[PDB]
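Geometric and topological summary
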Amino acid sequence: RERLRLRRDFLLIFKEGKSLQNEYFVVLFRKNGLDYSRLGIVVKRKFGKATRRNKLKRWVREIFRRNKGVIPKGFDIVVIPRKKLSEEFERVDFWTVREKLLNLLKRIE
């Protein structure tokens, strides 16, 4: 699968894509002309130090990978955690994060 390079495509997705959000996530998305969707994760430095940002990224990649069947195909998708998720990240359970992220991803059109 062609890799989604945020170093090359974040600006394009931000300028030409659409956006959805809830309490925990902003999701930016753009049709990619492919028969599959691709994930990028953009974590602001203030979310936490590297190990914490890496745990968030791991959770998001797991949610995406393990539930690819319900995610609309043909989009480049950028997931951005919000301040409220940073604040609750030490307490929140993975399954709640999963529910909130999949709620958004299923509404991509």
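For this coordinate set, the PDB header names X-ray crystallography as the determination method and states a resolution of 1.540 Å.

If you check the PDB entry, the chain appears there as Ribonuclease P protein component from Thermotoga maritima. Per UniProt, the chain has the following entry under Catalytic activity: "Endonucleolytic cleavage of RNA, removing 5'-extranucleotides from tRNA precursor." The annotation that UniProt attaches to the chain under Subunit is "Consists of a catalytic RNA component (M1 or rnpB) and a protein subunit."

It is worth spelling out the packing of helix 2 (residues 50-66) against helix 4 (residues 94-105) at this point. Remark: helix 2 packs on helix 4, axes separated minimally by 10 Å, with the N-to-C direction vectors making an angle of 60°. Overall, the two elements helix 2 and helix 4 adopt an arrangement that is oblique. Crossing of helix 2 against helix 4: the hand is right-handed. When helix 2 is examined against helix 4, the residues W59, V60, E62, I63 and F64 are found in contact with a partner set consisting of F94, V97, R98, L101, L102 and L105. Split by residue class, the contact of helix 2 with helix 4 holds nine nonpolar, no polar and two charged.

Ordered by their spatial adjacency, four strands build an open sheet running 1-2-4-3, and the pairing between neighbours is mixed. Since the sheet does not close on itself, it has two edges, and those belong to strand 1 (18-21) and strand 3 (38-41), each with one partner. Here the strands of the sheet are splayed against their neighbours by 20° on average, with no regard to which way each runs. One ladder, built from four bridges, connects strand 1 with strand 2 (residues 25-31); its direction is antiparallel. Within strand 2, the residue paired with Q21 across the bridge is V26. Lying over the sheet, helix 2 contacts strand 2, strand 3 and strand 4 (75-81), oriented at roughly 165° with respect to strand 3. Here helix 4 sits on the sheet and contacts strand 1, strand 2 and strand 4; the angle it forms with strand 2, its principal contact strand, is near 35°.

Attention now moves to the pairing of strand 2. Of all the seven residues making up strand 2, five are buried; the element is thus mostly covered by neighbouring parts of the structure. The turn joining strand 1 and strand 2, which pair antiparallel and follow one another in sequence, is formed by three residues.

Moving on, we get to the packing of aromatic side chains. Under the counting rule described, the total for this entry stands at six aromatic pairs. Between the aromatic rings of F47 and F89, the centroid separation amounts to 5.2 Å while the plane-to-plane angle is 65°, which identifies the pairing as edge-to-face. In this pair, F47 sits in the loop between strand 3 and helix 2 while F89 sits in the loop between helix 3 (83-88) and helix 4, placing the two residues 42 residues apart along the sequence. Since its relative accessible area comes to 5%, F47 is described here as buried. Using a relative accessible area of 2% as the deciding quantity, one classes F89 as buried. Between the aromatic rings of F94 and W95, the centroid separation amounts to 6.2 Å while the plane-to-plane angle is 55°, which identifies the pairing as tilted. Given a relative accessible area of 16%, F94 falls into the buried group. In textbook terms, an aromatic cluster arises when at least three aromatic residues are bridged by ring pairs, as seen for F47, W59, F89, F94 and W95. Positioned above the aromatic ring of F47, the side-chain terminus of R52 is 4.9 Å from the ring centre. Positioned above the aromatic ring of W95, the side-chain terminus of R98 is 4.0 Å from the ring centre.

Basis of the calculations
Residues numbered from 1 in each chain as written, not as in the entry; some residues may be left out. Heavy atoms only, no water. Residues with missing side-chain atoms left out of burial classes, pairs and counts. UniProt positions renumbered as here; feature names shortened; annotations may be inferred. Axes fitted to C-alpha atoms, helices over the stretch in contact; angles between N-to-C directions. Helix = DSSP H or I, 4+ residues; strand = E, 2+ residues; numbered from the N terminus. Parallel < 35°, antiparallel > 145°, perpendicular 65-115°, else oblique. Left-handed = near helix turned anticlockwise from the far one by under 90°. Contact = heavy atoms within 4.5 Å. Nonpolar A, V, L, I, M, F, W, Y, C, P; charged D, E, K, R; others polar. Pairing = 2+ DSSP bridges. Buried < 20%, exposed > 50% of the residue type's maximum accessible area, 1.4 Å probe, protein only. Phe/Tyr/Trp six-rings, centres within 6.5 Å; stacked < 30°, edge-to-face > 60°. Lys NZ or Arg CZ within 6 Å of the ring centre and 35° of its normal.

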